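Some notes on the structure that comes next.
Numbers for residues simply follow the sequence, beginning at 1. Basis for what follows: all heavy atoms, side chains included, without hydrogens, waters or symmetry-related copies. All ligand and atom numbering here is 1-based and tracks the order in the structure.
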Amino acid sequence: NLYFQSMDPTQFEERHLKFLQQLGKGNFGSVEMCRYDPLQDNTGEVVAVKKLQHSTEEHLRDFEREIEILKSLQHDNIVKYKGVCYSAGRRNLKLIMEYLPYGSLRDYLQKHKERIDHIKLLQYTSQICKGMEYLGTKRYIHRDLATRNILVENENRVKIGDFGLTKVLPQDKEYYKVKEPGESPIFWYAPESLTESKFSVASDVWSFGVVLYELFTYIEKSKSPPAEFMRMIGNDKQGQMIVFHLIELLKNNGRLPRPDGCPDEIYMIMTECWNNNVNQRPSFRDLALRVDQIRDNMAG
Ligand SMILES: Cc1cc(Nc2cc(CN3CCOCC3)c3nc(C)c(Cc4ccc(Cl)cc4F)n3n2)n[nH]1
């Protein structure tokens with residue numbers, strides 16, 4: 001009480017943050033592109049500014065935790081935290097991050113197929129695995145790994161973002177049981193997350209297998225995980241029946257298909273990530289090494 005937690009409220013002052021455009025609303029919050037121009041000389045730096053969509057007390061608390069998580073991370077494949085803006089006369093919070101111009105990897109793969117080949121896909125796979133290795137060192141579980149939640153800086157560099165669902169593992173357990181569930185990205189969830197609300201490094205590995213599928217399906221649209229799973233379940237189904245069917249499918253070895261053109265060896269990596277036995281899933285370190293060995297073993 002006596003002394004409140006450290007904050008640097010003069011680092012990004014709201015009067016010097018100029019709104020340019022909204023970049024989106026989604027699972028990532030409401031994010032705007034702004035320019036931070038403290039010298040008011042139409043110089044400065046374009047930044048990404050994350051805001052809450054519903055500023056309830058609970059969401060503000062969760063936002064503080066997300067900010068602390070992001071502040072703690074420094075890695076080439078993690079979107080760079082810049083600071084916080086205590087806007088509305090220091091009665092609101094906005095999160096300041098670096099701006100990456102190409103947006104989500106999901107959108108980049110659709111918009112920029114002219115510059116994507118399997119070599120690039122494996123480079124992105126490697127980078128995502130290394131960022132996830134780094135999260136593991138902090139006992140952080142991302143819980144929303146998907147190409148929509150990875151940003152593209154340029155054709156040679158991707159970075160995880162969207163730490164809005166990230167949790168920190170209890171000191172003495174290897175999983176976090178989420179006991180307030182909200183909207184769930186069910187088609188990326190491991191079976192134990194669907195059936196027991198249990199999240200772990202190994203459930204992030206399951207989701208990474210879905211990301212790897214997404215990368216290798218990029219040539220098509222009918223092939224996204226939601227579309228393919230709904231085709232398998234039955235496109236007519238609605239509501240909880242969808243989840244019931246997805247659980248039953250996954251528990252009895254139902255899986256997304258090998259994308260057209262995908263090497264057998266890459267599909268094998270996906271399949272090994274999609275193991276119902278949590279402990280048999282590979283680690284992010286196993287995956288990074290295997291993917292980089294595959295890359296290195298090509299001719300040249
Ligand atoms: C934190 C951050 C975001 C960022 N850049 C972009 C760029 C783009 C691409 N726009 C650019 C302007 O013209 C049209 C194409 C974009 N589209 C959306 C929906 C988002 C929002 C977003 C998506 C995924 C994730 Cl993980 C986090 C997000 F905040 N963004 N965010 N840099 N840093």
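Inter-residue side-chain proximity for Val278 and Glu192 is flagged as met; some heavy-atom pair is nearer than 4.5 Å. A 4.5 Å side-chain heavy-atom check between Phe63 and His59 finds every atom pair outside the cut-off. The side-chain heavy atoms of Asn77 and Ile128, taken from C-beta on, include no pair separated by under 4.5 Å.
Outside the 6.0 Å centre-distance limit, the rings of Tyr175 and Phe199 are not counted as a close aromatic pair. Between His118 and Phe216, the distance from one ring center to the other falls under 6.0 angstrom.
An N or O contact shorter than 3.5 Å is missing between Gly103 and ligand 1 by distance. Any N or O atom pair closer than 3.5 Å counts here, and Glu98 shares at least one such pair with ligand 1.
For ligand 1 and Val31, the ligand atoms under 4.0 Å from any heavy atom of the residue are 29 (F). In summary, the atoms of ligand 1 found under 4.0 Å from a heavy atom of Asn149, numbered by their order in the structure, are 26 (Cl).
The residues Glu32 and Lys50 are annotated as not salt-bridged, no charged nitrogen and carboxylate oxygen being separated by less than 4.0 angstrom.
Summary of contacts: the protein heavy atom closest to atom 5 (N) of ligand 1 is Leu100 O, 3.0 Å. Annotation: atom 1 (C) of ligand 1 to nearest protein heavy atom, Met97 CE, 3.5 Å. Looking only at heavy atoms of the protein, atom 27 (C) of ligand 1 is closest to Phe28 CB, 3.9 Å. For atom 24 (C) of ligand 1, the closest heavy atom belonging to the protein is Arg148 O, 3.5 Å. The shortest contact between atom 15 (C) of ligand 1 and any protein heavy atom is with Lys111 NZ, 3.9 Å. For atom 11 (C) of ligand 1, the closest non-hydrogen atom on the protein side is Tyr99 OH, 3.4 Å. For atom 3 (C) of ligand 1, the nearest non-hydrogen atom of the protein is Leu151 CD1, 3.8 Å. Ranking the protein heavy atoms by distance from atom 12 (C) of ligand 1 puts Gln21 NE2, 3.6 Å first.
Considering CZ of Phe163 and CG of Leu70, their distance stands at 6.0 Å, rounded to 0.5 Å.
If you check each of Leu23, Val46, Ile96, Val152 against atom 18 (C) of ligand 1, the one with the closest non-hydrogen atom is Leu23.
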So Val84 and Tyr81, side chain to side chain contact (heavy atoms under 4.5 Å, CB included) or not? Walk me through it. CA-CA 9 Å; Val84 178; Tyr81 169 83; 3.5 Å; yes

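For the residue pair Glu214 / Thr147, a side-chain donor-acceptor distance below 3.5 Å is found, with atom types taken as modelled.
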